[PDB]
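Summary of structural features
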Amino acid sequence: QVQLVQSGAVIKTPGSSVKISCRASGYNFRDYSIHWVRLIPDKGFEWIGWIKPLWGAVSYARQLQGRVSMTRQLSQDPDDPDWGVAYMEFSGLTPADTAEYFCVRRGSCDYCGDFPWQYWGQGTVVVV
Amino acid sequence: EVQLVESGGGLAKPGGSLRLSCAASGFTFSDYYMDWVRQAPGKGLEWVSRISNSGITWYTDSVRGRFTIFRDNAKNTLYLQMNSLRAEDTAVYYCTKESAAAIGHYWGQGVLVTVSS
Amino acid sequence: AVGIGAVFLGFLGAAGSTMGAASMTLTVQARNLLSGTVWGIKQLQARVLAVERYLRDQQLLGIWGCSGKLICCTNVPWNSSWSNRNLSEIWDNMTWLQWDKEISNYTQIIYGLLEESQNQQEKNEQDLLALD
Amino acid sequence: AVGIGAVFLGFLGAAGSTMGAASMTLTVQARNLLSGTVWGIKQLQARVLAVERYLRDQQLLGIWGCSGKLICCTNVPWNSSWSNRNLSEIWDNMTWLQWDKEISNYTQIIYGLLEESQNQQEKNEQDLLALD
Amino acid sequence: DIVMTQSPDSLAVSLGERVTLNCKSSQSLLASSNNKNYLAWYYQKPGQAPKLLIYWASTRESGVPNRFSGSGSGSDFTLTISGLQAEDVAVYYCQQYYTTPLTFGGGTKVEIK
Amino acid sequence: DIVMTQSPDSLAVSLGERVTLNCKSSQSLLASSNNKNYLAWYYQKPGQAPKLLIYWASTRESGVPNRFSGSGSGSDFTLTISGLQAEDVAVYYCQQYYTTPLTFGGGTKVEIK
Amino acid sequence: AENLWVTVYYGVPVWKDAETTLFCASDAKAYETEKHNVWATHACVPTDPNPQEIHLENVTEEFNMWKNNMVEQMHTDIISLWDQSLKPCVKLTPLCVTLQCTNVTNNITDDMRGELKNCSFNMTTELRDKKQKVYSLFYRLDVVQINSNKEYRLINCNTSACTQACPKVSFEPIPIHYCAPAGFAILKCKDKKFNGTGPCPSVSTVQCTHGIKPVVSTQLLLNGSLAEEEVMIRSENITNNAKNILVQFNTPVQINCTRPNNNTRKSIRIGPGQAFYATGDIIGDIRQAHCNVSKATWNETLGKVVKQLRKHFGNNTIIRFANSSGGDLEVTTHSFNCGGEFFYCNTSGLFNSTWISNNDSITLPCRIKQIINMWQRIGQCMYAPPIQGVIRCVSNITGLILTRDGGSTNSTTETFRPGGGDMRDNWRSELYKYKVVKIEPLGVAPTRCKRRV
Amino acid sequence: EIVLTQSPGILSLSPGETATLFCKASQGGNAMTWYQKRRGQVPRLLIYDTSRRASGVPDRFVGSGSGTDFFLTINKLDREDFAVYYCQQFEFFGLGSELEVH
Ligand SMILES: *[C@@H]1O[C@H](CO)[C@@H](O[C@@H]2O[C@H](CO)[C@@H](O[C@@H]3O[C@H](CO[C@H]4O[C@H](CO)[C@@H](O)[C@H](O)[C@@H]4O)[C@@H](O)[C@H](O[C@H]4O[C@H](CO)[C@@H](O)[C@H](O)[C@@H]4O)[C@@H]3O)[C@H](O)[C@H]2NC(C)=O)[C@H](O)[C@H]1NC(C)=O
Ligand SMILES: *[C@@H]1O[C@H](CO)[C@@H](O[C@@H]2O[C@H](CO)[C@@H](O[C@@H]3O[C@H](CO)[C@@H](O)[C@H](O[C@H]4O[C@H](CO)[C@@H](O)[C@H](O)[C@@H]4O)[C@@H]3O)[C@H](O)[C@H]2NC(C)=O)[C@H](O)[C@H]1NC(C)=O
Ligand SMILES: *[C@@H]1O[C@H](CO)[C@@H](O[C@@H]2O[C@H](CO)[C@@H](O[C@@H]3O[C@H](CO)[C@@H](O)[C@H](O[C@H]4O[C@H](CO)[C@@H](O)[C@H](O)[C@@H]4O)[C@@H]3O)[C@H](O)[C@H]2NC(C)=O)[C@H](O)[C@H]1NC(C)=O
Ligand SMILES: *[C@@H]1O[C@H](CO)[C@@H](O[C@@H]2O[C@H](CO)[C@@H](O[C@@H]3O[C@H](CO)[C@@H](O)[C@H](O)[C@@H]3O)[C@H](O)[C@H]2NC(C)=O)[C@H](O)[C@H]1NC(C)=O
Ligand SMILES: *[C@@H]1O[C@H](CO)[C@@H](O[C@@H]2O[C@H](CO)[C@@H](O)[C@H](O)[C@H]2NC(C)=O)[C@H](O)[C@H]1NC(C)=O
Ligand SMILES: *[C@@H]1O[C@H](CO)[C@@H](O[C@@H]2O[C@H](CO)[C@@H](O)[C@H](O)[C@H]2NC(C)=O)[C@H](O)[C@H]1NC(C)=O
Ligand SMILES: *[C@@H]1O[C@H](CO)[C@@H](O[C@@H]2O[C@H](CO)[C@@H](O)[C@H](O)[C@H]2NC(C)=O)[C@H](O)[C@H]1NC(C)=O
Ligand SMILES: *[C@@H]1O[C@H](CO)[C@@H](O[C@@H]2O[C@H](CO)[C@@H](O)[C@H](O)[C@H]2NC(C)=O)[C@H](O)[C@H]1NC(C)=O
Ligand SMILES: *[C@@H]1O[C@H](CO)[C@@H](O[C@@H]2O[C@H](CO)[C@@H](O)[C@H](O)[C@H]2NC(C)=O)[C@H](O)[C@H]1NC(C)=O
Ligand SMILES: *[C@@H]1O[C@H](CO)[C@@H](O[C@@H]2O[C@H](CO)[C@@H](O)[C@H](O)[C@H]2NC(C)=O)[C@H](O)[C@H]1NC(C)=O
Ligand SMILES: *[C@@H]1O[C@H](CO)[C@@H](O[C@@H]2O[C@H](CO)[C@@H](O)[C@H](O)[C@H]2NC(C)=O)[C@H](O)[C@H]1NC(C)=O
Ligand SMILES: *[C@@H]1O[C@H](CO)[C@@H](O)[C@H](O)[C@H]1NC(C)=O
Ligand SMILES: *[C@@H]1O[C@H](CO)[C@@H](O)[C@H](O)[C@H]1NC(C)=O
Ligand SMILES: *[C@@H]1O[C@H](CO)[C@@H](O)[C@H](O)[C@H]1NC(C)=O
Ligand SMILES: *[C@@H]1O[C@H](CO)[C@@H](O)[C@H](O)[C@H]1NC(C)=O
Ligand SMILES: *[C@@H]1O[C@H](CO)[C@@H](O)[C@H](O)[C@H]1NC(C)=O
């Protein structure tokens, strides 16, 4: 199986810097890009940004630059290389950032692009 | 004994058209590939086109389907029609006969084409 | 339909010429089809793939009428449900790259008929020798 | 001796049928005879053994009269000291698995006669062209 | 495409002694099938239609005397004269006829010094 | 030998709408030489001799209208109806004719619910 | 006569698209060198430079560099061939040891940091009884402090024994020609305005590829293939922001890069036939490695690439260039190998631009690493030995690998970051022309002749 | 930016019927993606590449259309198939097409 398992929900203060991890397991984590996408009530889906975890090459949404920061932690052992941990530090928390955050991955088909997101994390509810 | 004597025009406005012909005496058109080679004044000779014994045409990659070549085997002549002329087409043109060892075995006299108004 | 000309006339040179004109140069593509610490395995399997493909094509020829003719005729007639077009508009109009697509669906229907006609002609020849 | 039937008629299907009936399906065994970090060496030597065996058999054919006929006749007569049995009791009675054992001893006596007759026919053909 | 580059631009010598000229190719013109090579060495006079001198990269044309020699195979080619005449001092050319487009050399204008 | 297993045992539907049926094979019936596949889909009425519906695993028989479709290659095969009629509601069969012994399917008895 | 008779022809020129394994080849001068002073000199066949090609008239094939094969093959083969030049080399098993590191002898400035640590350690001698004390010089990026006393270790002491790059073999690029076997052909697109997608009207068959020097550079691909007359930007799909844009421009940008520090290679005997080449003295000044581009020609080429980028984004678009958003070391700062030495040079002076729709030289600083983790393997690092003397090299910036940011919420501008990412974007900029096809004889056609029995 | 607009929005249909959901792209020439989000659950890829079905989705979700007109057709509405539907083009989204039960 392919699992994207996040941390639990959190309540933060206005002005904090929240950090949400995402453990990916069941596949070669160095291959597939990890996207971060959010859901706001009465605003819909908004895309936050992707990371290529082979070198951590990040790219952000334009209206979220200066606030988001994505890192990763690979698996360095010849025995269990099939896992990894993505991170997202979203900083400058406002009460307009109360939303449910998602780490997602594309499908592994030959016509699946970057954005056709098959696999989906359970989401972290963040109330500021 | 084999002469390739040419005819056509020399005076053309830039952006125009002309047809240049070549009669030949000394051999048979049934089995010989023909050519068209031009020389700019003061510059090097350069190839323009080639036609087979039955009408398979080969062009250089600048004339790009603007020039056509037609070899009238009945009226025993070789034809080069030039539509949509360019200023860099001012040259002297030559029809040749190809041997099996080297092309341009025999050589036409030339037509001085000046594309100028 | 061959004339005097000094240019090289090389491999896949007449791929875009009409198929009545690429047929006059078929020994060129027939010639340039066979000869051309760990990497010797890759080179070696490429070479045996080349000779295996050549043997498969020569075997498909050999169980038909022509074994070394390189142009051969046979006794099955052209079913006009296959291509439904004139004889004048193939040898002077289209290429082999374009004729390949137009009968790729009707391919492998034709090859069984070729083997069937060759087996029937072999048994007819054997019976004609046998009655003498 | 071929009729209408829809079954696959595959490789070694008529091995137990009589040899007058397995002769109507010989292109099947001719077709299915060639195409089919360390193990690539084993696969590769198996493939070159396959193509070497195919080339040896095609060379044995080629130095005789037939090079791509797959049924060919020749000019050496059947010596009746070899099998001493009737023509009616081979093509309707026995199989190739059973006929293989009965002339395996007289094999390689026959092949030299085949090469001898083919070389004599080649030199007779060369002399007949030469006198013209 | 195939670039044909003649190494000198001119050669002004005296008459009677030999010279030599070279034409380099950007691509090996040696046909592996025929084992024969593809240069046309041409000779153009001032105001005249050119004529062949060397075909098959080595062989002289009929009507051309023994004083010329096309030489060399592979990619770099040499036209060697043995004795200069007054009829010879005009432009030489090297031509590949291996592919389309047929490209010529630059043209080494040999005159008398 | 070759086991031919039909996946449903019965199918009682209404009339007018489409259905679909499947037959799995224990062995891949796709002939690699002919590149064509070996299923006979048959139709037996109550008390009647059966008739062919689909030959070469895809092609309908003459006398059979356009409302049938034999589909699929390899090892698993699908007979898809487009419109059910009252003349159609009886037993279907799948048959391999790739080898001896010729084995049939179980027989999916389609009737009207 | 209206009944036609079928005829099968052998030797028919017609191809299908196919996936095969091309084989390597080198030039005859590249075949002249020996003893594996470079990689695999006798493993590949020798061939000519600029191999023979013939032009095909009246033909049109559709190409796609993005779904192309043989960039996968070249990527796999260069990774495996990189690995196969390390099995005779020396593993640094006895060097994973406690390093007592002090500062280099230098005028220390407390605001800045020394980028060199003078580290002494016990080294095993060639005798298994006696050990010695020996010192060396390392960089900050290669050692980490383990927890008064100040003892360090290497960063790769908990993942792998680090294979030393052998100083006999060099890492200079030599051009590979990818030659097709029998039955296959290679088609090259001679079209000028061809973006690597769709129909090419002017192809030519060729037996081997042209020369591909293997350069390893994340941003600013060096010594590449120049475009013909104008800058050409190439992408799989422009509106997708997770696709890189490969920018190939006409005239190359001359870049100079140097380490001005004069080093002393010192040999240390590990065991029998085991030598570790360490840094000895820094002879002279302690200066920082850097690079120079020309200010004027870089502004010129940025004007050219903005002129070409406004064709896909409308005329009234403000194009601005900012530096990389983050990542590891060799995805944010542009990496290369200047003769057995791995530089990591800062590109913040280059991509600092804005562009409205109306004698100097940029110095850019570099870091140097000695141990590397090329292609991000699980357990394979690589020590690289120091080399003597001041090291300078000249190169041509041929293109760029850009990436558009995720422009949303009424983006009046569109900004472009540099980014290396995968190495295959470096390899797709050279095999964008070629494809490999399978030549299939035995065509079949009707003509008006029955075989005479 | 690609402005996506979903035309039906709130649509109430009885079970066993068919639903047609329209998505409208401000810029054409690209593909369209269809997601389903049920109440209090994780969204699921239904359709990618405008016609292709994902892994583990039934056949009655039929994507169609091109240019600026993109259709998601559901046939024989199951009780579970009454949720919110989203159309994605590259990084942009629609505001949701809620499918309610009459
Ligand atoms: C982009 O392309 C350019 C153009 O080729 C490359 O520049 C060359 O890079 C190589 C390797 O980095 C250079 O080779 C080295 O040059 C050093 C300088 O010596 C030069 O000058 C002397 C005297 O004129 C010559 O004898 C010598 O051959 C060089 O031309 C040498 O010190 C090096 O030699 C040492 O190492 C080799 C390794 O095997 C030994 O064989 C030698 O004996 C010696 O120990 C080496 O030769 C080359 O000089 C550069 N050329 C130019 C014109 O600058 C760029 O490197 C390339 N960019 C990238 C990123 O690869
Ligand atoms: C790639 O190169 C760029 C520039 O070539 C480099 O950016 C610089 O980084 C440093 C720190 O990494 C930035 O911060 C400076 O650090 C000193 C340290 O004491 C501060 O004192 C500086 O503050 C001065 O400037 C302020 C504004 O003018 C004043 O208010 C203050 O009183 C001080 O005078 C300063 O913050 C530095 O600013 C940037 N340069 C620029 C132009 O922004 C970058 O770090 C390199 N990349 C990497 C990965 O290192
Ligand atoms: C970004 O741009 C690239 C470059 O164009 C683009 O890639 C193309 O994607 C399509 C699919 O979206 C690929 O498939 C082709 O689609 C066309 C038009 O539909 C047809 O020729 C073929 O599709 C037919 O068959 C499909 C299944 O059989 C049907 O579902 C379909 O309706 C058609 O009937 C063909 O498969 C195409 O090959 C690529 N081309 C290239 C050069 O990559 C990509 O899709 C773009 N990104 C997005 C998100 O749209
Ligand atoms: C792209 O350019 C920007 C602008 O220069 C760079 O941002 C700068 O990054 C440096 C770090 O490299 C920041 O330096 C700071 O130094 C203090 C010293 O104690 C340290 O404590 C901080 O944690 C930080 O490292 C600097 O403030 C920052 N400047 C701005 C305006 O953001 C950026 O790093 C460049 N990106 C790349 C990949 O080079
Ligand atoms: C690195 O440190 C070593 C000590 O471990 C230094 O070597 C000593 O330098 C002093 C000063 O000249 C000499 O008196 C000693 O004899 C040296 N000892 C040895 C064993 O060589 C060395 O100079 C330092 N180098 C740098 C560049 O800082
Ligand atoms: C030797 O290196 C150490 C670091 O391991 C230096 O200690 C700190 O260095 C930084 C920057 O170099 C300064 O900002 C700190 O103030 C230093 N710490 C202290 C307590 O001073 C140290 O300065 C270096 N030099 C010497 C002579 O020990
Ligand atoms: C090299 O080895 C020597 C001896 O094994 C180490 O010196 C010892 O260091 C410890 C810790 O300071 C002392 O308790 C011992 O008394 C020392 N022994 C001797 C013989 O001096 C030394 O630390 C090692 N490393 C270096 C860099 O010299
Ligand atoms: C690369 O050039 C090709 C043309 O050769 C472009 O492909 C066509 O683009 C138009 C829209 O501009 C479409 O209507 C056609 O269907 C496309 N044809 C094919 C075969 O894809 C392509 O858009 C260009 N790509 C880039 C990145 O500029
Ligand atoms: C780097 O340092 C070495 C010293 O090891 C310099 O080599 C010396 O150069 C001088 C004259 O330049 C000679 O007289 C010495 O005999 C050389 N010594 C050795 C050991 O080679 C070298 O010149 C320096 N390099 C640079 C670029 O300054
Ligand atoms: C990069 O280095 C080259 C040398 O390799 C520089 O070219 C020299 O420039 C000077 C003038 O500054 C001339 O006098 C030399 O004749 C040039 N030499 C060569 C070989 O070209 C070049 O200027 C440097 N560029 C930058 C931006 O530093
Ligand atoms: C960078 O590109 C330039 C061309 O812009 C190269 O310069 C040419 O080099 C060849 C041989 O290497 C010479 O025959 C040409 O005369 C040179 N032309 C010019 C204009 O200089 C240069 O070699 C490339 N490499 C480097 C390291 O500068
Ligand atoms: C072969 O089948 C395809 C797909 O059904 C069809 O489009 C094509 O027209 C057929 N070939 C011919 C020559 O009709
Ligand atoms: C061949 O030799 C064996 C052994 O001597 C003998 O038994 C057999 O009968 C011989 N074959 C025939 C056909 O007689
Ligand atoms: C190795 O040590 C470094 C420094 O403490 C640490 O960052 C890294 O995660 C460690 N790796 C493993 C595999 O333990
Ligand atoms: C932008 O202006 C140029 C004039 O140089 C024109 O050729 C081009 O079509 C224009 N593009 C748009 C999108 O208006
Ligand atoms: C950007 O450019 C300005 C002016 O050209 C310069 O002062 C500044 O240092 C540059 N930014 C960086 C990060 O180098």
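In the PDB header, cryo-EM is given as the technique by which the entry was determined, and 3.20 Å as its resolution.

**Quick notes on the overall build of chain E**
Of regular secondary structure, chain E possesses 0 helices and 12 strands. Tracing chain E from N to C terminus, the helices and strands come up as β-β-β-β-β-β-β-β-β-β-β-β. A compact globule built from 113 residues would reach a C-alpha radius of gyration of about 13 Å, and chain E, at 14 Å, matches this within 12%. C-alpha extents for chain E along the principal axes are approximately 40 × 25 × 25 Å. Residue pairs at least 24 apart in sequence account for 55% of intrachain contacts in chain E once pairs closer than 6 positions are excluded. Of the roughly 4900 Å² of accessible surface on chain E, 47% is carried by carbon and sulfur atoms.

**So, empty space enclosed by the protein**
Here the largest cavity is characterised by a volume of approximately 200 Å³. In this structure, the largest cavity is lined by 19 residues; those nearest its centre are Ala-57 and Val-58 of chain A together with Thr-403, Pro-418 and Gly-419 of chain G. Among the elements of the structure, β5 (44–52) and β6 (57–60) of chain A together with β29 (413–418) of chain G are those that each provide at least two residues to the lining of the largest cavity. When grouped by side-chain class, the residues that make up the lining of the largest cavity number 6 nonpolar, 9 polar and 4 charged. If you trace the second largest cavity, you find 18 residues lining it, with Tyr-139, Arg-259, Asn-263, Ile-368 and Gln-370 of chain G closest to the centre. Those elements giving two or more residues to the lining of the second largest cavity turn out to be β9 (131–139), β19 (274–283) and β25 (361–369) of chain G. For the lining of the second largest cavity, the residue count by class is 10 nonpolar, 5 polar and 3 charged.

**Points about the sheet that holds strand β13 (residues 184–189) of chain G**
Residue and element names in this part refer to chain G. Strands sit in the order β2-β30-β13-β15-β5 across an open sheet of 5 strands; the sheet is antiparallel. Single-partner strands in this sheet number two, and they are β2 (15–17) and β5 (53–55). Across the sheet, the mean angle from the axis of one strand to that of its neighbour is 40 degrees, orientation sign disregarded. Alignment of β2 against strand β30 (residues 435–439), held across 3 bridges, turns out to be antiparallel.

**Examining the site of ligand 6**
All names here are of chain G. Ligand 6 sits among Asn-103, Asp-110, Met-112, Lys-150 and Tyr-152. A distance of 2.5 Å separates an oxygen atom of ligand 6 from a polar side-chain atom of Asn-103. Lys-150 places a polar side-chain atom, nitrogen or oxygen, 3.1 Å from an oxygen atom of ligand 6. Calculation on ligand 6 without its partners gives an accessible area of 590 Å², and the protein chains cover 40% of this total. Of the residues that constitute the shell around ligand 6, the class distribution is 2 nonpolar, 1 polar and 2 charged.

**Comments concerning helix α6 (residues 110–130) of chain D**
Because an α-helix packs 3.6 residues into every turn, residues spaced three or four apart end up facing the same way. For α6 of chain D, which comprises 21 residues, the first-to-last C-alpha distance of 30 Å matches the rise-based estimate of 30 Å (1.5 Å per residue) to within 8%. Tucked inside the fold, the buried residues of α6 of chain D contact α3 (80–83) of chain D.

**Quick look at the arrangement of the chains**
Most contacts, compared over the 13 pairs of chains touching, are made between chains C and G. Spatially, chain D and chain E are disjoint, and the shortest separation between their C-alpha atoms is 26 Å. At the level of C-alpha atoms, the two units chain D and chain G stay apart, their nearest approach being 13 Å.

**Some remarks on the site of ligand 7**
Residue and element names in this part refer to chain G. Looking at ligand 7, the residues that line it are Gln-100, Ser-120, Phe-121, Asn-122, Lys-131 and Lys-133. Taking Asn-122, its side chain carries an N or O atom lying 2.3 Å from an oxygen atom of ligand 7. In this structure, an oxygen atom belonging to ligand 7 sits 2.8 Å away from a side-chain N or O atom of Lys-131. Summarising the interface, the protein chains cover 31% of the accessible area of ligand 7, which totals 580 Å² for the free molecule. Mapped by element, the contributors of at least two residues to the shell around ligand 7 are β8 (116–124) and β9. It is β8 that provides the largest number of residues to the shell around ligand 7, a total of 3 residues.

**Here's the deal with the packing of helix α2 (residues 39–62) of chain C against helix α2 (residues 39–62) of chain D**
Across the interface, α2 of chain C lies against α2 of chain D with an axial gap of 11 Å and an inter-helix angle of 30 degrees. The pairing of α2 of chain C with α2 of chain D is recorded here as roughly parallel in orientation. Judged by the twist between their axes, the crossing of α2 of chain C over α2 of chain D is left-handed. Residues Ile-41, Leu-44, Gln-45, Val-48, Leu-49, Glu-52, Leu-55 and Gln-59 of chain C of α2 of chain C form the contact with α2 of chain D, whose own contacting residues are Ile-41, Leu-44, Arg-47, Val-48, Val-51, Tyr-54 and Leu-55 of chain D. Of the residues belonging to the contact of α2 of chain C with α2 of chain D, the class tally is 11 nonpolar, 2 polar and 2 charged.

**A word on the interface of chain G and chain C**
Taken together, the contact pairs 42 residues of chain G with 53 residues of chain C. Of the roughly 4600 Å² buried between chain G and chain C, counting both surfaces, carbon and sulfur atoms make up 70%. When residues of chain G are sorted by the area they lose upon contact with chain C, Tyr-10, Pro-13 and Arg-451 of chain G head the list and together hold 20% of the total. Seen at the junction of chain G and chain C, the total is 0 salt bridges.

**Describing the pairing of strand β21 (residues 318–321) of chain G**
Side chains on a regular strand alternate between the two faces of the sheet. All names here are of chain G. Of the two faces of β21, only one is covered, namely that formed by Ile-319 and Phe-321; the face formed by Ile-318 and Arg-320 stays uncovered. Sheet topology places β21 next to β29; 4 bridges connect them, and they run parallel. In the strand pairing of β29, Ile-318 is matched with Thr-413. The pairing of β21 with strand β24 (residues 353–355) spans 3 bridges and is classified as antiparallel. When the sheet's bridge partners are listed, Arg-320 is paired in β24 with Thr-354.

**Notes on a nonpolar patch on the surface**
A surface patch of nonpolar side chains, about 260 Å² in accessible area, is lined by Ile-11, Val-125 and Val-127 of chain A. Residue position: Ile-11 of chain A is located in strand β2 (residues 10–11).

**A few points about the pattern of salt bridges**
Considering all chains together, one arrives at 36 salt bridges over all chains under this definition. A salt bridge links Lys-16 of chain G to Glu-440 of chain G; the shortest N-O distance between them is 3.8 Å. For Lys-188 of chain G, the salt bridge is made with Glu-53 of chain G, and the minimal N-O distance between the two is 2.7 Å. Of the two residues examined, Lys-188 of chain G and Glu-53 of chain G, each falls in the buried class. It is possible to trace a salt-bridge network through shared partners that takes in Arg-38, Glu-46, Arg-66 and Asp-89 of chain B.

**As for helix α2 (residues 71–84) of chain G**
Residues and elements named next belong to chain G. If you check α2, its first and last C-alpha atoms are 20 Å apart, about what 14 residues at 1.5 Å a residue would give, namely 20 Å. Among the 14 residues that make up α2, 10 are buried, leaving the element largely enclosed by the rest of the structure. Every buried residue belonging to α2 is among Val-71, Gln-73, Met-74, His-75, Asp-77, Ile-78, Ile-79, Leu-81, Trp-82 and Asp-83, and all of these are buried.

**Comments concerning the nonpolar core**
Core analysis: the biggest nonpolar cluster contains 70 residues, and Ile-34, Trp-36, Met-70 and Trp-117 of chain A together with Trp-34 of chain H have the highest contact counts within it. By size, the runner-up hydrophobic cluster in this structure holds 50 residues, among which are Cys-72 of chain C together with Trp-15, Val-59 and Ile-439 of chain G.

**A word on the side chain of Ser-75 of chain A**
Residue and element names in this part refer to chain A. Its location among the elements puts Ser-75 in the loop between β7 (68–73) and β8 (83–91). A distance of 2.8 Å separates a polar atom in the side chain of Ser-75 from a polar atom in the side chain of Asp-77. Of the polar contacts made by the side chain of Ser-75, one reaches the backbone oxygen of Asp-80; its length is 2.3 Å.

**Let's talk about the side chain of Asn-75 of chain C**
By the secondary structure assignment, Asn-75 of chain C is in strand β1 (residues 71–77). With residues near it in sequence (within four places) discarded, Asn-75 of chain C still touches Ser-117 and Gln-121 of chain C together with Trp-5, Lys-450 and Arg-451 of chain G.

**Quick word on the environment of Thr-80 of chain F**
All names here are of chain F. Within the secondary structure layout, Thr-80 lies in strand β10 (residues 76–81). With a relative accessible area of 24%, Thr-80 lands in the partly exposed category. Taking C-alpha positions, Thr-80 is 23 Å from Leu-102, a pair spaced 22 residues apart along the chain. Apart from residues lying up to four places away in sequence, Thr-80 is in contact with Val-19, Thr-20, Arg-67, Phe-68 and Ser-69. Looking at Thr-80, its side chain comes within polar contact range of the side chain of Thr-20, at 3.4 Å.

About the criteria used
- Residues numbered from 1 in each chain as written, not as in the entry; some residues may be left out.
- Chains lettered and ligands numbered in written order.
- Part of a larger assembly, values for the part shown.
- Heavy atoms only, no water.
- Helix = DSSP H or I, 4+ residues; strand = E, 2+ residues; numbered from the N terminus.
- Rg over C-alpha atoms; globule rule 2.2 N^0.38 Å.
- Contact = heavy atoms within 4.5 Å.
- Areas by Shrake-Rupley, 256 points an atom, 1.4 Å probe, with all protein chains shown as cover.
- 1 Å grid on protein atoms, 1.4 Å probe; cavity = no way out; pocket = protein on both sides within 12 Å on 5 of 7 lines; lining within 4 Å.
- Points joined across faces, edges and corners; volume = space filled by probe spheres on them.
- Nonpolar A, V, L, I, M, F, W, Y, C, P; charged D, E, K, R; others polar.
- Pairing = 2+ DSSP bridges.
- Axes fitted to C-alpha atoms, helices over the stretch in contact; angles between N-to-C directions.
- Near = heavy atom within 4 Å.
- Polar contact = N/O pair within 3.5 Å; in protein donor to acceptor, adjacent residues only side chain to side chain.
- Expected span 1.5 Å × (residues − 1).
- Parallel < 35°, antiparallel > 145°, perpendicular 65-115°, else oblique.
- Left-handed = near helix turned anticlockwise from the far one by under 90°.
- Buried area = accessible area lost by both parts, 1.4 Å probe.
- Salt bridge = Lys/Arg side-chain N within 4 Å of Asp/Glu carboxyl O.
- Buried < 20%, exposed > 50% of the residue type's maximum accessible area, 1.4 Å probe, protein only.
- Patch = residues over 30% accessible without salt bridge, like charges linked within 9 Å, V, L, I, M, F, W, Y side chains within 5 Å.
- Core = buried A, V, L, I, M, F, W, Y, C linked by side-chain atoms within 4.5 Å.

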